[PDB]
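**Q** Sharing an experimental structure here, sequence included.
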Amino acid sequence: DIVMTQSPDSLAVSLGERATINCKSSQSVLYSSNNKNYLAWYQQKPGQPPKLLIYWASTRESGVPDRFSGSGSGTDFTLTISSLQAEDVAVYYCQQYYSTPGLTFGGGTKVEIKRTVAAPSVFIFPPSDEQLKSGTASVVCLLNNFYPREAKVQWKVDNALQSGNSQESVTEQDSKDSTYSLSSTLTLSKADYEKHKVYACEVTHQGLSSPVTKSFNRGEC
Amino acid sequence: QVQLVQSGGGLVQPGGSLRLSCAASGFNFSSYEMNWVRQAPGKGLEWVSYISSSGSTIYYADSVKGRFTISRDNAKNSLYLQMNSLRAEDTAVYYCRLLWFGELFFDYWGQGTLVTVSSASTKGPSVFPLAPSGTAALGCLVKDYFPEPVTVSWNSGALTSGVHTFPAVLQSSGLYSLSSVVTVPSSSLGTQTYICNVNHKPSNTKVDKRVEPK
Amino acid sequence: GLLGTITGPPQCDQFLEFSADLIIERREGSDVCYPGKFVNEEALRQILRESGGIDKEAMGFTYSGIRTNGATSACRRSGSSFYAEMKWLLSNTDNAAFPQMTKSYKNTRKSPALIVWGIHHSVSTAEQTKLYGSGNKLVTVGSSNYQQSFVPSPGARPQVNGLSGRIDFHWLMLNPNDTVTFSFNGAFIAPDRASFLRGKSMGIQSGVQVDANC
Amino acid sequence: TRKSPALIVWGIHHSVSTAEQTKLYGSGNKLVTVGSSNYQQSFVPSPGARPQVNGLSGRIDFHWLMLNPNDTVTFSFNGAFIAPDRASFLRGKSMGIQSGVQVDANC
Ligand SMILES: *[C@@H]1O[C@H](CO)[C@@H](O[C@@H]2O[C@H](CO)[C@@H](O[C@@H]3O[C@H](CO)[C@@H](O)[C@H](O)[C@@H]3O)[C@H](O)[C@H]2NC(C)=O)[C@H](O)[C@H]1NC(C)=O
Ligand SMILES: *[C@@H]1O[C@H](CO)[C@@H](O)[C@H](O)[C@H]1NC(C)=O
Ligand SMILES: *[C@@H]1O[C@H](CO)[C@@H](O)[C@H](O)[C@H]1NC(C)=O
């Protein structure tokens, strides 16, 4: 079956930037005797179903404003949002409807608008006593409202680097300000937590001329 | 107006079975080609099966070769999908349909259904405060619930500004865990009460846990 | 009909290979179930009137990215099928891309072979899309002394057997130790098996009964 | 609607040029395909230069078929069509010959 690809996987291009999405195909999708390309574009937002964008490759679907346009032919295309907008923060797929009982879509791509670089605000939270009474200790580090998305956290317990006992997640870019925030958790048993004093989070980011560390000493405040 | 709706989703256990169902409105049903498309959690889309106009032809995929059974009804307006020998890659949310045809147009997808082939039993969260120590941060930790999803609010929805709720993570225990926060003026801690309101509909549990400085 | 043993509607299924020294033709003989007409049909009778029977030898066409199961409501065997020795090559689904295909057959016998195909002149320009891709179709045949080109004729018609679209069936004669070639992308009613004339007999017409002891 | 068969005559207008095919009809290719329960054809007008006959170089090729009692005929087209207004109905028995001489009635 016809296997599909796109690039870039993710592009963060700013507001008003002609965003260019390139998309490929393994097998051709341009029928011969009528000379038409079987290619569609869709727009899904997480929880939403796909919305129709471009069909016949180069024919816009009604309800789609003028900035949208489909181009290319044969095996390679490109969507050019001539003026990238904030309504256009979505996941875009390519799709073949050439062969039939196997419609191959793509790998996708999200288009998150840039903005000015912003250093993170960093907060650290100890486990609650209710939690400690339950026998485990979770430690939390918060990076609030930063840009770009690329950011690094390292955990140290009494100056020793932790590996394998933490997990993290990232917000979608915030609509109100086009920023991201990030949450990380170090999970220890109760026994391991009560064994150490100084707990620290170290953060690296382009907006920081130097990495920043925040800490507390357990049982101190 | 043409519209669609899927149903028959929930929690099932693998090697088991489910029977999905579609319903329609606003067009001559019996005359078109009907597809089926699923999307794994945060993954790409996948074609399951279809039926021609007369129902005289059906074509499936290889992941469900001998495990799924698409079926139609033209008097009633229903298209079915029986599932059997469920596995864990079959965890997805399901949609579909097009306009066939040559010429003109169309479109058209449904609103969806949560279907996860996670045998494991359902479980509600524990709620712990993340205590604050010009601008301060505070929050609530929602740890150890299953399955997705959950809802979180602050002050019965009275606090919106500065709030961030994160995606769940799956722990080695097989339970999900996520955190929710709000930024507020340091000067507000003392006059103003902040309460997080949590709803986990899979277990019908409801906890308010107030988060205070220590 | 005498030509019904060559296509084999749901009525000539025992005379697919009928062995005989004598032929009788009736006032209700019909070479066709899906409406149509052969081209140079009477010529084929006189040859067939004296053929002594036909030995169906399988031709061997393998259909790839389409259907073969093509069926309609007129040529019913059990429910809705088609001519026995003819695959109605629909598109892949019910509109899909009917790609550009090409098949050939060779004669390995000291006798000549009977090759029958047909064009599907669809009732509309859409029903030409309903079963095959969109865009114009050309089914051109080839031989060392036969070179033709047909274009399907999409146009409205009288309804014969509830159907308005037609099927015009052609034929040529492949000499021993030679081949035939089809290049096409649409409106094609494929041949599965090609007749081989058995020897000497005679066809007549009458509208009366038979006798065997005289 | 008669117990006798009818005579149906039409014609294609092969225009003298590809423009004179536009001079009288739309642009783009034309297909006049006819239909019957045992007659199914398709004509394509043939735009091409010709000798001038009667000052005209374009031609008109007239076809015909025979419609049995209690049946119909169907034309689908968009060009180069010379339409029929009235269809003949054969009256009975007679004879046609050829000669290049005069007639006589009293013998
Ligand atoms: C669209 O909706 C219409 C509702 O008016 C459906 O109409 C009816 O469809 C049935 C099934 O084809 C027809 O029954 C049969 O008619 C055929 C002639 O085509 C005949 O040979 C059979 O014995 C049987 O009586 C019915 O005639 C038709 N109604 C009318 C007024 O013609 C239709 O099925 C839906 N789909 C499409 C594609 O139109
Ligand atoms: C048929 O053709 C082959 C090669 O073209 C040749 O060897 C053979 O003699 C011919 N005749 C028969 C009867 O096979
Ligand atoms: C003509 O056809 C009609 C209906 O198709 C039928 O009732 C009639 O008997 C036929 N014959 C004549 C002479 O009208």
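**A** Here it is on my side, so go on. Numbers count the residues shown, from 1 in each chain, chains lettered A, B, ... in the order given. Ligands and ions are numbered 1, 2, ... in the order given.
**Q** C-alpha only now, for contacts and for neighbours.
**A** Fine.
**Q** can you list the residues of chain B near ligand 1?
**A** Contact residues (CA under 6 Å from any ligand atom) of chain B with ligand 1: B:28, B:30, B:31.
**Q** what pairs with residue B:126 across the strands?
**A** Applying DSSP bridges to residue B:126 gives these bridge partners: residue B:143.
**Q** Counting neighbours, what do you get for it?
**A** Residue B:126: 14 surrounding residues under other CA atoms under 10 Å in any protein chain shown.
**Q** Verify the stated contact: it with residue B:143.
**A** Yes. Contact criterion CA atoms under 8 Å: residue B:126 and residue B:143 qualify, at 5.9 Å.
**Q** Apart from its neighbours in sequence, what residue is nearest residue B:140?
**A** Excluding the flanking residues, the one nearest residue B:140 by CA to CA, 6 or more residues apart in numbering or on different chains is residue B:129, at 4.7 Å.
**Q** ok so, going back, for the residues of chain B next to ligand 1, which single residue is the most surrounded?
**A** Most crowded among the residues of chain B next to ligand 1, counting by other CA under 10 Å, is residue B:30 at 16 neighbours.
**Q** and that residue, helix, strand or coil?
**A** When classified by DSSP: H, G, I helix; E, B strand; the rest coil, residue B:30 comes out as helix.
**Q** Remind me what the helix or strand containing residue B:184 packs against, helices and strands.
**A** Assigned by DSSP states H and E, residue B:184 falls within strand B:176-185. Strand B:176-185 is packed against strand B:135-145, strand B:163-165, strand B:169-170, with contacts defined by 3 or more CA pairs under 8 Å, 6 or more residues apart in numbering or on different chains; DSSP states H and E.
**Q** Comparing these, which comes out most buried?
**A** Highest mean neighbour count among the helices and strands packed on strand B:176-185 (mean count of other CA atoms under 10 Å in any protein chain shown): strand B:135-145, with a mean of 21.
**Q** can you list the residues that contact it?
**A** Residues from elsewhere that reach strand B:135-145 (CA atoms under 8 Å, 6 or more residues apart in numbering or on different chains): A:123, B:122-132, B:175-186, B:196, B:209, B:211.
**Q** got the residues of chain B near chain A?
**A** For chain B, the contact set with chain A under CA under 8 Å from any CA of the partner chain comprises B:44-47, B:49-50, B:59-61, B:95, B:105, B:107-112, B:128-133, B:137, B:164-169, B:179.
**Q** Now go through the residues you listed and say which are in strands.
**A** Counting by DSSP state E, the part of the residues of chain B next to chain A found in strands is B:45-47, B:50, B:59, B:95, B:128-130, B:137, B:164-165, B:169, B:179.
**Q** show me where chain A has helices.
**A** Secondary structure of chain A by DSSP state H: the helices cover A:129-133, A:190-193.
**Q** Just the CA atoms of the shortest one, as CSV, please.
**A** So that's helix A:190-193. Below are the C-alpha coordinates for helix A:190-193, written out as CSV (Å, rounded to 0.1, in the frame of the first residue of the first chain):
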residue,chain,number,x,y,z
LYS,A,190,8.4,7.2,51.4
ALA,A,191,11.6,5.5,52.7
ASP,A,192,13.9,7.0,50.0
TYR,A,193,12.5,10.5,50.5
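**Q** If you count contacts, what does that helix end up packed against?
**A** For helix A:190-193, the packing partners by 3+ CA pairs under 8 Å, 6+ apart come out as strand A:136-146.
**Q** Report the angle between the strand it packs on and strand B:126-130.
**A** Computed by axes from the mean of the first three to the mean of the last three CA atoms, to 10 degrees, the angle separating strand A:136-146 from strand B:126-130 equals 60 degrees.
**Q** Strand A:136-146 pairs with which strands, and in what direction?
**A** strand A:121-125 (antiparallel), strand A:180-189 (antiparallel).
**Q** Any chance of a markdown table for those strands, columns mean neighbour count?
**A** A markdown table is the format used below for these (neighbours: other CA atoms under 10 Å in any protein chain shown):
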| stretch | mean neighbour count |
| --- | --- |
| strand A:121-125 | 19 |
| strand A:180-189 | 20 |
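**Q** Tell me which of those lies nearest to residue C:19.
**A** strand A:180-189 (83.9 Å; CA to CA).
**Q** contact partners of that closest one?
**A** Defining contact as CA under 8 Å, 6+ apart, one finds that strand A:180-189 is touched by A:120, A:135-149, A:155, A:165-174, B:164, B:166, B:179.
**Q** re earlier: make JSON lines out of the helices of chain A and add mean neighbour count.
**A** Output for the helices of chain A, formatted as JSON lines (neighbours: other CA under 10 Å):
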{"stretch": "helix A:129-133", "mean neighbour count": "14"}
{"stretch": "helix A:190-193", "mean neighbour count": "15"}
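**Q** How about the contacts made by the residue nearest the centre of chain A?
**A** For chain A, the residue nearest the mean C-alpha position is residue A:172 (6.4 Å; CA atoms, centre = their mean). Each residue near residue A:172 by CA under 8 Å, 6+ apart is listed here: residue A:180.
**Q** Equivalent analysis for residue A:111, please.
**A** Counted by CA under 8 Å, 6+ apart, residue A:111 has contacts A:10, A:11, A:12, A:13, A:88, A:89, A:90, A:91.
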